[PDB]
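Starting off, we have a lone chain in the form deposited in one PDB entry, written out as structure tokens.
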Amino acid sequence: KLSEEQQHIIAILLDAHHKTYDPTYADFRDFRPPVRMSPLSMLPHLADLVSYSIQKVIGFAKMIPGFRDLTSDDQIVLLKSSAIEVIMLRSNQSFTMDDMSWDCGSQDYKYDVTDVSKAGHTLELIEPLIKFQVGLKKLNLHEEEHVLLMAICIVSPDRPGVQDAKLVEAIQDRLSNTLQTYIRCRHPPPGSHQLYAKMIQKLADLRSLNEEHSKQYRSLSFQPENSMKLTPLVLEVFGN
């Protein structure tokens, strides 16, 4: 039931994800080292981690079918408002539910609830973020559904500042129909609808997590001693 257009969209997104995600986490060696034990000892390391992730999300977004047809202003708008959500989505690949942490190779590069707190964030964000990672991990998504959810997350028409909302909607509709057909090719009803309904609910939870992170990022970045430890890309992308 998967068309040739839908099969090509899936192959491109999987190719894009494989090019923009290194499961070896070798590039973590070049970040500023993590300090677990002034009080925000994990801010430098996690700032480089987010800065690195933003670059990967931009590269992945550029390879989404139809993304380049947008104007530069719309590409910037979609990426500024979705980068935080895609980072939380793509981080699920390293999330393990043994200790509720992101395991990326070593114990140096294994981050838990305390590690996020050593970056300036309260549990008003960390607790819903952990709940999100568990509920997302329990969905047991294929890599095809994972990459389609990331592309649908990026190409959203209801982002503030979007110029050609109809064009963004038309691109998202093709990615959504590709996702709905893939779920039907793998799961009979009514489980197919229940899976797709939970996936869209995760996109709604991302908007809530986006608002909470933005609230705390503004509080942290307003302090010059904290924004001094950020990266130029983070200040440009997360700053508005």
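Shifts are known only where both forms have a C-alpha. The numbering used is simple: start at 1 and walk along the sequence shown. The term rigid core refers to the most C-alpha atoms you can superpose between the two forms while keeping them within 1.5 Å.
Not on display, but discussed next: the form deposited in another entry.
- When the two forms are overlaid on the rigid core, CA displacement between the shown form and the other one of 2 Å or more is confined, within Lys62, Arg207, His193, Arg29, to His193.
- Relative to the displayed conformation, the Cα-Cα distance from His193 to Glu169 grows by 3 Å or more in the other entry.
- Three angstroms is the minimum change: in the other entry, the CA atoms of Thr96 and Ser192 sit closer than in this structure, by 3 Å or more.
- Core-superposed comparison between the shown form and the other one: residues with C-alpha shifts of 2 Å or more form a single run of three or more, at 186-193.
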